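Single chain ahead, written as structure tokens, the form deposited in one PDB entry.
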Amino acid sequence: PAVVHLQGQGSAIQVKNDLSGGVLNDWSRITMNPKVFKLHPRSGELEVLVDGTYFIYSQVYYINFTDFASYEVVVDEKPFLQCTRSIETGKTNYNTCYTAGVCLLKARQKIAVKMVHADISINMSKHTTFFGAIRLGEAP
């Protein structure tokens, strides 16, 4: 199996003005098999270069937000996974938010972590905020 583990590079992000369309992008590729995965640095996309059965996972560290914190893991712009937290307006929620799932992908398909449009702050520390995949094998 080929793998990729992408880590945030540190520094806090406010989702509204510190990102465009909510998409996380400045990922550090500490592990990436270049024959199976390609990273797109501005669009924040993790592209698969071959058909396969893929396990996909992510985790975003919510560090303070208004009331509703959430993101989607999208595949070709389509919601596949979601991780969501809540809090009462005036109070604080520091919270790692992990989700993961398995799906069949064809070559060139692109995966991305997209924050929902809200006032939400996230910490990009490498241990709390990450994004990865495992090609478990061929697709049927």
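We number the residues from 1 along the sequence you see. If you superpose the two forms and keep the largest set of C-alpha atoms that fall within 1.5 Å, you have the rigid core.
One more form of this protein, solved in complex with a partner chain, exists but is not displayed; see below.
A.B. asks: Verify the contact flag for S11: yes if a non-hydrogen atom of it lies within 4.5 Å of a non-hydrogen atom of the partner chain in the entry with it bound, no if not.
C.D. replies: Answer yes; at least one heavy atom of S11 falls within 4.5 Å of the partner chain in the entry with it bound.
A.B. asks: Do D26 and the partner chain share at least one heavy atom pair within 4.5 Å in the entry with it bound?
C.D. replies: Yes.
A.B. asks: Given that the partner is absent here, does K106 sit within 4.5 Å of the partner chain in the entry with it bound, heavy atoms only?
C.D. replies: Contact check for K106: no, nothing within 4.5 Å of the partner chain in the entry with it bound.
A.B. asks: Find out whether any non-hydrogen atom of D119 is located within 4.5 angstroms of the partner chain in the entry with it bound, and reply yes or no.
C.D. replies: No, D119 is distant from the partner.
A.B. asks: Give the option from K78, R42, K91, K35 whose C-alpha shifts by 2 Å or more between the shown form and the other one; the alignment is on the rigid core.
C.D. replies: The listed residue whose C-alpha shifts by at least 2 Å is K91.
A.B. asks: Aligning on the rigid core, do we see the C-alpha of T66 shift 2 angstroms or more between the shown form and the other one?
C.D. replies: Superposed on the core, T66 moves its C-alpha 2 Å or more between the shown form and the other one.
A.B. asks: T129 and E88: their C-alpha distance differs by 3 angstroms or more in the entry with it bound. Do they come closer or move farther apart compared with the shown form?
C.D. replies: Residues converge in the entry with it bound, at least 3 Å closer.
A.B. asks: How does the CA gap of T129 and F65 change in the entry with it bound versus this form, closer or farther, if it moves 3 angstroms or more?
C.D. replies: Their C-alpha distance grows by at least 3 Å in the entry with it bound.
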